[PDB]
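Trainee: Structure: coords_24.cif, mmCIF, N, CA and C atoms and all ligand atoms.
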```cif
data_my_file
loop_
_atom_site.label_atom_id
_atom_site.label_comp_id
_atom_site.auth_asym_id
_atom_site.auth_seq_id
_atom_site.Cartn_x
_atom_site.Cartn_y
_atom_site.Cartn_z
N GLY O 63 22.11 53.37 -64.16
CA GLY O 63 22.02 53.29 -65.61
C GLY O 63 23.05 52.37 -66.23
N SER O 64 22.64 51.66 -67.28
CA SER O 64 23.52 50.73 -67.97
C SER O 64 24.54 51.47 -68.82
N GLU O 65 25.76 50.94 -68.87
CA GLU O 65 26.81 51.57 -69.65
C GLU O 65 26.58 51.38 -71.14
N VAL O 66 26.95 52.39 -71.92
CA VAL O 66 26.84 52.36 -73.37
C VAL O 66 28.19 52.44 -74.06
N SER O 67 29.28 52.56 -73.31
CA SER O 67 30.61 52.64 -73.89
C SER O 67 31.62 52.16 -72.85
N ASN O 68 32.58 51.35 -73.29
CA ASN O 68 33.60 50.81 -72.40
C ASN O 68 34.83 50.43 -73.22
N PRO O 69 35.93 51.17 -73.09
CA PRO O 69 37.15 50.82 -73.85
C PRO O 69 37.74 49.48 -73.46
N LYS O 70 37.44 48.98 -72.26
CA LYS O 70 37.96 47.70 -71.81
C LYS O 70 37.13 46.52 -72.30
N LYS O 71 35.99 46.76 -72.95
CA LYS O 71 35.16 45.68 -73.47
C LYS O 71 35.35 45.55 -74.97
N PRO O 72 35.68 44.35 -75.46
CA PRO O 72 35.81 44.16 -76.91
C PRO O 72 34.51 44.48 -77.63
N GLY O 73 34.60 45.37 -78.61
CA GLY O 73 33.47 45.72 -79.44
C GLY O 73 33.92 45.99 -80.86
N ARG O 74 32.98 45.89 -81.78
CA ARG O 74 33.30 45.97 -83.21
C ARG O 74 32.01 46.18 -83.99
N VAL O 75 32.15 46.25 -85.31
CA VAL O 75 31.03 46.27 -86.24
C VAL O 75 31.05 44.95 -87.01
N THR O 76 29.90 44.31 -87.12
CA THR O 76 29.72 43.15 -87.98
C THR O 76 28.59 43.43 -88.96
N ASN O 77 28.50 42.58 -89.99
CA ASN O 77 27.41 42.73 -90.96
C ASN O 77 26.05 42.56 -90.29
N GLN O 78 25.97 41.73 -89.25
CA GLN O 78 24.71 41.54 -88.54
C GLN O 78 24.42 42.71 -87.60
N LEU O 79 25.43 43.19 -86.87
CA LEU O 79 25.23 44.35 -86.01
C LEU O 79 24.87 45.58 -86.82
N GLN O 80 25.47 45.72 -88.01
CA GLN O 80 25.11 46.83 -88.88
C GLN O 80 23.67 46.71 -89.36
N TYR O 81 23.21 45.48 -89.61
CA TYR O 81 21.82 45.28 -90.02
C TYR O 81 20.86 45.61 -88.88
N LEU O 82 21.19 45.19 -87.66
CA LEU O 82 20.35 45.53 -86.51
C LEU O 82 20.29 47.03 -86.28
N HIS O 83 21.38 47.74 -86.59
CA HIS O 83 21.43 49.18 -86.37
C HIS O 83 20.67 49.93 -87.46
N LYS O 84 21.05 49.73 -88.72
CA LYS O 84 20.53 50.55 -89.81
C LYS O 84 19.19 50.07 -90.35
N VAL O 85 18.76 48.85 -90.03
CA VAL O 85 17.50 48.34 -90.55
C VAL O 85 16.52 48.06 -89.42
N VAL O 86 16.92 47.21 -88.47
CA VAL O 86 15.99 46.76 -87.44
C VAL O 86 15.70 47.88 -86.45
N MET O 87 16.75 48.43 -85.83
CA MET O 87 16.54 49.48 -84.83
C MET O 87 15.88 50.71 -85.44
N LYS O 88 16.25 51.05 -86.68
CA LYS O 88 15.65 52.20 -87.34
C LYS O 88 14.15 52.04 -87.50
N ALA O 89 13.67 50.82 -87.71
CA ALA O 89 12.24 50.59 -87.87
C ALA O 89 11.53 50.52 -86.52
N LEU O 90 12.15 49.86 -85.53
CA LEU O 90 11.51 49.72 -84.23
C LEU O 90 11.47 51.04 -83.47
N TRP O 91 12.50 51.87 -83.62
CA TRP O 91 12.57 53.12 -82.87
C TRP O 91 11.43 54.06 -83.25
N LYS O 92 11.04 54.07 -84.52
CA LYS O 92 9.98 54.96 -84.99
C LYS O 92 8.59 54.36 -84.86
N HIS O 93 8.48 53.10 -84.43
CA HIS O 93 7.19 52.44 -84.37
C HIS O 93 6.30 53.08 -83.30
N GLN O 94 5.00 53.10 -83.58
CA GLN O 94 4.04 53.70 -82.66
C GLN O 94 4.13 53.09 -81.27
N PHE O 95 4.27 51.77 -81.19
CA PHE O 95 4.25 51.05 -79.92
C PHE O 95 5.53 51.20 -79.12
N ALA O 96 6.55 51.85 -79.66
CA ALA O 96 7.84 51.90 -78.99
C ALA O 96 7.91 52.94 -77.89
N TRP O 97 6.93 53.85 -77.79
CA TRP O 97 7.08 54.98 -76.88
C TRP O 97 7.30 54.60 -75.42
N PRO O 98 6.69 53.55 -74.85
CA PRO O 98 7.01 53.22 -73.45
C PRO O 98 8.42 52.67 -73.25
N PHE O 99 9.13 52.33 -74.33
CA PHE O 99 10.41 51.65 -74.23
C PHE O 99 11.59 52.49 -74.73
N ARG O 100 11.37 53.76 -75.06
CA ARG O 100 12.44 54.57 -75.64
C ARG O 100 13.40 55.14 -74.61
N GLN O 101 13.10 55.04 -73.32
CA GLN O 101 13.99 55.52 -72.28
C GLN O 101 13.82 54.64 -71.05
N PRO O 102 14.76 54.68 -70.11
CA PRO O 102 14.67 53.79 -68.94
C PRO O 102 13.43 54.08 -68.10
N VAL O 103 12.97 53.04 -67.41
CA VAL O 103 11.86 53.18 -66.47
C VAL O 103 12.37 53.91 -65.23
N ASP O 104 11.70 55.01 -64.88
CA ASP O 104 12.07 55.82 -63.72
C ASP O 104 11.17 55.41 -62.56
N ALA O 105 11.69 54.55 -61.69
CA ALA O 105 10.87 54.02 -60.59
C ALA O 105 10.45 55.11 -59.61
N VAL O 106 11.27 56.14 -59.44
CA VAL O 106 10.92 57.22 -58.51
C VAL O 106 9.77 58.04 -59.07
N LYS O 107 9.89 58.50 -60.32
CA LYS O 107 8.84 59.32 -60.91
C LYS O 107 7.55 58.54 -61.09
N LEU O 108 7.65 57.26 -61.45
CA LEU O 108 6.47 56.44 -61.71
C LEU O 108 5.90 55.79 -60.46
N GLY O 109 6.55 55.92 -59.31
CA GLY O 109 6.05 55.34 -58.08
C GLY O 109 6.08 53.82 -58.08
N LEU O 110 7.25 53.25 -58.39
CA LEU O 110 7.45 51.80 -58.45
C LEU O 110 8.50 51.44 -57.40
N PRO O 111 8.11 51.32 -56.13
CA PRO O 111 9.11 51.11 -55.07
C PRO O 111 9.78 49.75 -55.13
N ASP O 112 9.23 48.78 -55.86
CA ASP O 112 9.80 47.44 -55.94
C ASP O 112 10.26 47.07 -57.34
N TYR O 113 10.38 48.04 -58.25
CA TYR O 113 10.77 47.73 -59.62
C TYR O 113 12.19 47.18 -59.68
N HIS O 114 13.13 47.87 -59.03
CA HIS O 114 14.53 47.45 -59.08
C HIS O 114 14.84 46.27 -58.18
N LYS O 115 13.88 45.83 -57.36
CA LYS O 115 14.02 44.56 -56.66
C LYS O 115 13.54 43.39 -57.50
N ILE O 116 12.55 43.62 -58.36
CA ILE O 116 12.05 42.58 -59.25
C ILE O 116 12.87 42.50 -60.54
N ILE O 117 13.26 43.65 -61.08
CA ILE O 117 13.99 43.72 -62.34
C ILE O 117 15.47 43.91 -62.01
N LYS O 118 16.28 42.90 -62.32
CA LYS O 118 17.69 42.93 -61.96
C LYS O 118 18.54 43.69 -62.98
N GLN O 119 18.12 43.72 -64.24
CA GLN O 119 18.86 44.42 -65.29
C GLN O 119 17.89 45.23 -66.13
N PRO O 120 17.69 46.50 -65.80
CA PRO O 120 16.83 47.36 -66.63
C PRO O 120 17.44 47.56 -68.01
N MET O 121 16.57 47.70 -69.00
CA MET O 121 17.00 47.85 -70.38
C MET O 121 15.92 48.59 -71.15
N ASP O 122 16.34 49.41 -72.11
CA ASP O 122 15.43 50.19 -72.93
C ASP O 122 16.03 50.35 -74.31
N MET O 123 15.19 50.77 -75.26
CA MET O 123 15.65 50.93 -76.64
C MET O 123 16.68 52.04 -76.78
N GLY O 124 16.60 53.08 -75.95
CA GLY O 124 17.58 54.15 -76.02
C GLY O 124 18.97 53.68 -75.65
N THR O 125 19.07 52.81 -74.65
CA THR O 125 20.36 52.24 -74.28
C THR O 125 20.89 51.32 -75.37
N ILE O 126 20.02 50.51 -75.97
CA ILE O 126 20.43 49.64 -77.06
C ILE O 126 20.87 50.47 -78.26
N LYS O 127 20.12 51.53 -78.57
CA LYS O 127 20.47 52.39 -79.70
C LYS O 127 21.84 53.03 -79.49
N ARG O 128 22.13 53.49 -78.28
CA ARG O 128 23.44 54.08 -78.01
C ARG O 128 24.55 53.04 -78.04
N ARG O 129 24.27 51.81 -77.61
CA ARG O 129 25.28 50.76 -77.68
C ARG O 129 25.61 50.41 -79.12
N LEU O 130 24.61 50.41 -80.00
CA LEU O 130 24.87 50.18 -81.42
C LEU O 130 25.66 51.32 -82.02
N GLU O 131 25.37 52.56 -81.60
CA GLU O 131 26.07 53.72 -82.15
C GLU O 131 27.53 53.77 -81.70
N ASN O 132 27.83 53.22 -80.52
CA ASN O 132 29.17 53.29 -79.95
C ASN O 132 29.99 52.03 -80.22
N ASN O 133 29.47 51.10 -81.03
CA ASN O 133 30.14 49.82 -81.30
C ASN O 133 30.45 49.09 -79.99
N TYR O 134 29.48 49.10 -79.08
CA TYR O 134 29.66 48.48 -77.77
C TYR O 134 29.64 46.96 -77.86
N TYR O 135 28.84 46.41 -78.76
CA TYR O 135 28.66 44.97 -78.86
C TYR O 135 29.79 44.32 -79.65
N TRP O 136 30.09 43.07 -79.30
CA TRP O 136 30.99 42.25 -80.10
C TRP O 136 30.26 41.41 -81.13
N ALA O 137 29.05 40.96 -80.82
CA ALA O 137 28.29 40.10 -81.72
C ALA O 137 26.82 40.49 -81.66
N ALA O 138 26.10 40.15 -82.74
CA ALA O 138 24.68 40.47 -82.80
C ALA O 138 23.90 39.78 -81.70
N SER O 139 24.38 38.63 -81.21
CA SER O 139 23.69 37.93 -80.14
C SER O 139 23.60 38.77 -78.87
N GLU O 140 24.60 39.63 -78.62
CA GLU O 140 24.53 40.52 -77.47
C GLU O 140 23.40 41.52 -77.61
N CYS O 141 23.22 42.08 -78.81
CA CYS O 141 22.12 43.00 -79.03
C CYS O 141 20.78 42.29 -78.92
N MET O 142 20.70 41.05 -79.40
CA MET O 142 19.47 40.27 -79.25
C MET O 142 19.15 40.02 -77.78
N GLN O 143 20.19 39.81 -76.96
CA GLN O 143 19.97 39.59 -75.53
C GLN O 143 19.40 40.83 -74.86
N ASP O 144 19.88 42.02 -75.24
CA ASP O 144 19.36 43.25 -74.65
C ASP O 144 17.90 43.47 -75.02
N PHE O 145 17.53 43.18 -76.27
CA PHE O 145 16.12 43.25 -76.66
C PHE O 145 15.29 42.25 -75.86
N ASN O 146 15.78 41.01 -75.74
CA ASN O 146 15.07 40.01 -74.97
C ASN O 146 14.92 40.44 -73.51
N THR O 147 15.96 41.07 -72.95
CA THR O 147 15.88 41.56 -71.58
C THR O 147 14.84 42.66 -71.45
N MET O 148 14.79 43.58 -72.42
CA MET O 148 13.82 44.66 -72.38
C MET O 148 12.39 44.13 -72.41
N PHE O 149 12.12 43.18 -73.31
CA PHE O 149 10.78 42.62 -73.42
C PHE O 149 10.43 41.79 -72.19
N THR O 150 11.36 40.95 -71.72
CA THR O 150 11.05 40.08 -70.59
C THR O 150 10.90 40.86 -69.29
N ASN O 151 11.63 41.97 -69.13
CA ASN O 151 11.42 42.83 -67.97
C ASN O 151 9.97 43.28 -67.89
N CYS O 152 9.38 43.66 -69.03
CA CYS O 152 7.99 44.07 -69.05
C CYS O 152 7.06 42.90 -68.73
N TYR O 153 7.40 41.70 -69.22
CA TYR O 153 6.58 40.53 -68.91
C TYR O 153 6.65 40.18 -67.42
N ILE O 154 7.81 40.38 -66.80
CA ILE O 154 7.98 40.01 -65.40
C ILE O 154 7.22 40.98 -64.49
N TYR O 155 7.44 42.28 -64.67
CA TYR O 155 6.91 43.26 -63.72
C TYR O 155 5.40 43.43 -63.86
N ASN O 156 4.89 43.38 -65.08
CA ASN O 156 3.47 43.62 -65.32
C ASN O 156 2.71 42.31 -65.45
N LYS O 157 1.39 42.40 -65.31
CA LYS O 157 0.52 41.23 -65.40
C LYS O 157 0.32 40.82 -66.86
N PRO O 158 0.07 39.53 -67.11
CA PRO O 158 -0.08 39.07 -68.50
C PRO O 158 -1.22 39.74 -69.25
N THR O 159 -2.20 40.31 -68.55
CA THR O 159 -3.34 40.96 -69.19
C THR O 159 -3.15 42.46 -69.37
N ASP O 160 -2.06 43.03 -68.86
CA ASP O 160 -1.84 44.46 -68.99
C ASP O 160 -1.58 44.84 -70.45
N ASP O 161 -2.05 46.04 -70.82
CA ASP O 161 -1.88 46.51 -72.19
C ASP O 161 -0.41 46.63 -72.56
N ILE O 162 0.43 47.03 -71.61
CA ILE O 162 1.84 47.25 -71.92
C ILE O 162 2.53 45.93 -72.26
N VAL O 163 2.05 44.81 -71.71
CA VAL O 163 2.61 43.51 -72.05
C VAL O 163 2.29 43.16 -73.50
N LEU O 164 1.07 43.47 -73.95
CA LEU O 164 0.72 43.22 -75.34
C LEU O 164 1.48 44.15 -76.28
N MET O 165 1.76 45.38 -75.85
CA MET O 165 2.61 46.27 -76.65
C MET O 165 4.00 45.67 -76.82
N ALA O 166 4.57 45.13 -75.74
CA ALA O 166 5.89 44.52 -75.83
C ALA O 166 5.86 43.27 -76.70
N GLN O 167 4.81 42.45 -76.57
CA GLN O 167 4.71 41.24 -77.39
C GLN O 167 4.60 41.58 -78.87
N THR O 168 3.87 42.65 -79.20
CA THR O 168 3.74 43.05 -80.59
C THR O 168 5.06 43.58 -81.14
N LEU O 169 5.76 44.41 -80.36
CA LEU O 169 7.08 44.88 -80.78
C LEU O 169 8.06 43.73 -80.92
N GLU O 170 7.98 42.75 -80.02
CA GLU O 170 8.88 41.60 -80.10
C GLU O 170 8.63 40.81 -81.37
N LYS O 171 7.37 40.69 -81.79
CA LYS O 171 7.06 39.97 -83.02
C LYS O 171 7.63 40.69 -84.24
N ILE O 172 7.50 42.02 -84.29
CA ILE O 172 8.12 42.79 -85.37
C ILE O 172 9.63 42.59 -85.36
N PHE O 173 10.23 42.67 -84.17
CA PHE O 173 11.67 42.52 -84.04
C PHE O 173 12.14 41.18 -84.59
N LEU O 174 11.45 40.10 -84.22
CA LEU O 174 11.87 38.77 -84.67
C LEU O 174 11.64 38.59 -86.17
N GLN O 175 10.59 39.20 -86.73
CA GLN O 175 10.37 39.11 -88.16
C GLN O 175 11.48 39.81 -88.94
N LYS O 176 11.89 41.00 -88.48
CA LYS O 176 12.95 41.73 -89.16
C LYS O 176 14.29 41.02 -89.03
N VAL O 177 14.55 40.40 -87.87
CA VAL O 177 15.79 39.66 -87.68
C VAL O 177 15.85 38.44 -88.59
N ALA O 178 14.71 37.91 -89.02
CA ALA O 178 14.71 36.75 -89.91
C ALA O 178 15.39 37.04 -91.24
N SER O 179 15.46 38.31 -91.66
CA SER O 179 16.13 38.69 -92.90
C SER O 179 17.56 39.17 -92.66
N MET O 180 18.09 38.96 -91.46
CA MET O 180 19.46 39.33 -91.16
C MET O 180 20.43 38.40 -91.89
N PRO O 181 21.60 38.91 -92.28
CA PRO O 181 22.64 38.03 -92.82
C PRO O 181 22.95 36.88 -91.86
N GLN O 182 22.98 35.66 -92.40
CA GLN O 182 23.06 34.48 -91.56
C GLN O 182 24.48 34.17 -91.08
N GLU O 183 25.50 34.62 -91.81
CA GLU O 183 26.89 34.41 -91.42
C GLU O 183 27.47 35.74 -90.96
N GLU O 184 27.87 35.80 -89.69
CA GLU O 184 28.38 37.03 -89.11
C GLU O 184 29.83 37.25 -89.55
N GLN O 185 30.13 38.47 -90.00
CA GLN O 185 31.45 38.82 -90.51
C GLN O 185 31.81 40.22 -90.03
N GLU O 186 32.98 40.35 -89.41
CA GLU O 186 33.42 41.65 -88.92
C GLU O 186 33.70 42.60 -90.08
N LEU O 187 33.28 43.85 -89.92
CA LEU O 187 33.52 44.90 -90.89
C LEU O 187 34.49 45.92 -90.30
N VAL O 188 35.55 46.22 -91.04
CA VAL O 188 36.55 47.17 -90.58
C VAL O 188 36.70 48.38 -91.49
N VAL O 189 36.22 48.32 -92.74
CA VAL O 189 36.35 49.44 -93.65
C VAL O 189 35.42 50.57 -93.22
N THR O 190 35.95 51.79 -93.18
CA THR O 190 35.16 52.95 -92.79
C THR O 190 34.98 53.90 -93.97
N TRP J 1 -1.21 63.85 -70.41
CA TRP J 1 -0.89 64.54 -71.66
C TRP J 1 0.54 64.26 -72.10
N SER J 2 1.46 64.27 -71.13
CA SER J 2 2.87 64.11 -71.40
C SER J 2 3.24 62.63 -71.50
N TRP J 3 4.49 62.38 -71.88
CA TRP J 3 5.01 61.02 -71.89
C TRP J 3 4.93 60.40 -70.50
N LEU J 4 5.34 61.15 -69.47
CA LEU J 4 5.33 60.63 -68.11
C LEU J 4 3.91 60.33 -67.64
N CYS J 5 2.96 61.21 -67.98
CA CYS J 5 1.57 60.98 -67.59
C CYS J 5 1.02 59.71 -68.23
N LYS J 6 1.31 59.49 -69.50
CA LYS J 6 0.78 58.32 -70.20
C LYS J 6 1.51 57.04 -69.81
N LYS J 7 2.80 57.16 -69.50
CA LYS J 7 3.58 56.03 -69.07
C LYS J 7 3.04 55.53 -67.73
N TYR J 8 2.71 56.50 -66.89
CA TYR J 8 2.16 56.22 -65.56
C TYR J 8 0.82 55.51 -65.63
N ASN J 9 -0.10 56.05 -66.43
CA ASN J 9 -1.42 55.44 -66.56
C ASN J 9 -1.35 54.08 -67.24
N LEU J 10 -0.35 53.87 -68.10
CA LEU J 10 -0.21 52.59 -68.79
C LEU J 10 0.34 51.51 -67.86
N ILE J 11 1.43 51.82 -67.15
CA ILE J 11 2.09 50.81 -66.33
C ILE J 11 1.28 50.47 -65.09
N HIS J 12 0.34 51.31 -64.70
CA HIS J 12 -0.51 51.04 -63.54
C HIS J 12 -1.88 50.54 -63.97
N LIG O 201 -2.06 50.22 -65.35
#
```
The structure given in the file should be rewritten as structure tokens.

Mentor:
Amino acid sequence: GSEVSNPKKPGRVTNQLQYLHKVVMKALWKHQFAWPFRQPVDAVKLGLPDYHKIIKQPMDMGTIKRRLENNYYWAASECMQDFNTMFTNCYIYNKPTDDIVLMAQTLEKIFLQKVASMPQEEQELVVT
Amino acid sequence: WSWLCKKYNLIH
């Protein structure tokens, strides 16, 4: 499992990370299409003997949500990378015609549309 | 019926 907290890793809150947490993630987490992505893929339970050989970095929305809650990221680009990894993992392991690939593509389109309204200049927030 | 059942039928 991927780590969601690390005192040795620089992390903080920015205006963009706060937007991804309170606006973007809040909308994607409740979306109908998000259910296959809300927790890690369990290769043992699902019978995927080659999943962890094909997928080098598993990622799911629950891990991203916990990283946002724990101020794990330093910049919004790190959170964008985790989303990109989650979507691309599905594109790699599954066939282009599989329904789950279209579910990921649709969620990715929503994600990118919501990110378009993100604050364009990243600024660290320290007031609590 | 469950999440695991539907996840299984979807990914396969
Ligand atoms: N499938």

Trainee: Could you give me, as a VMD selection string, every polymer residue with an atom at most 6 Å away from an atom of ligand LIG 201 (chain O), counting only N, CA and C atoms and all ligand atoms?

Mentor: chain J and resid 9 to 12

Trainee: Report the closest atom pair, with its distance in Å rounded to one decimal, for each residue of chain O that has an atom no farther than 10 Å from chain J; count only C-alpha atoms, sort by chain and then rising residue number, and write it as a Markdown table.

Mentor:
```
| residue | atom | partner | partner_atom | distance |
| --- | --- | --- | --- | --- |
| O:97 | CA | J:3 | CA | 8.1 |
| O:98 | CA | J:7 | CA | 6.2 |
| O:99 | CA | J:7 | CA | 9.6 |
| O:103 | CA | J:7 | CA | 9.1 |
| O:104 | CA | J:4 | CA | 9.4 |
| O:107 | CA | J:4 | CA | 8.1 |
| O:108 | CA | J:8 | CA | 5.8 |
| O:109 | CA | J:8 | CA | 8.5 |
| O:110 | CA | J:12 | CA | 9.5 |
| O:152 | CA | J:11 | CA | 9.4 |
| O:155 | CA | J:11 | CA | 9.3 |
| O:156 | CA | J:11 | CA | 7.4 |
| O:157 | CA | J:11 | CA | 9.8 |
| O:160 | CA | J:11 | CA | 7.9 |
| O:161 | CA | J:10 | CA | 7.2 |
| O:162 | CA | J:10 | CA | 6.5 |
| O:163 | CA | J:11 | CA | 9.3 |
```

Trainee: Please give the complete set of residues from chain O that DSSP, run on the backbone, assigns to alpha helix (DSSP H), formatted as a PyMOL selection string.

Mentor: chain O and resi 77-81+88-91+105-108+113-116+123-131+138-155+161-177

Trainee: Compare O:115, O:71, O:176, O:83 by their minimum atom-to-atom distance to residue O:127, counting only N, CA and C atoms, and give me the closest one.

Mentor: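 Residue with the minimum atom-to-atom distance to residue O:127: O:83.
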
Trainee: Atom CA of residue O:117 to atom N of residue O:73: how many Å, to one decimal?

Mentor: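 Separation of atom CA of residue O:117 and atom N of residue O:73: 26.3 Å.
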
Trainee: Using only C-alpha atoms, which residues sit within 9 Å of residue O:80 once same-chain residues fewer than 3 positions away are excluded, as an MDAnalysis selection string?

Mentor: chainID O and resid 75:77 83:85 130 138 187

Trainee: For atom C of residue O:178 and atom C of residue O:78, quote the distance in Å rounded to one decimal.

Mentor: 11.3 Å

Trainee: What's the separation between atom N of residue O:112 and atom C of residue O:154, in Å to one decimal place?

Mentor: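 We find that atom N of residue O:112 and atom C of residue O:154 lie 11.8 Å from each other.
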
Trainee: Need to verify the contact set: residue O:68, 8 Å, all atoms listed in the file, exclusion of same-chain residues closer than 6 positions in sequence. Can you return it as a list in words?

Mentor: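 Result of the neighbour search: residues 132, 133 and 134 of chain O.
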
Trainee: Write out as a list in words which residues come within 6 Å of stretch 146-151 of chain O when counting only C-alpha atoms, dropping same-chain ones fewer than 4 positions away.

Mentor: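 Once the nearby chain positions are removed, what remains is residues 121, 122 and 166 of chain O.
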
Trainee: What residues in chain O get the DSSP label strand (DSSP E)? Please answer as a PyMOL selection string.

Mentor: chain O and resi 75-76+186-187

Trainee: So, with only C-alpha atoms as the atoms that count, which of O:113, O:72, O:87, O:164 lies closest to residue O:131?

Mentor: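 That would be O:87, the residue with the smallest distance to residue O:131.
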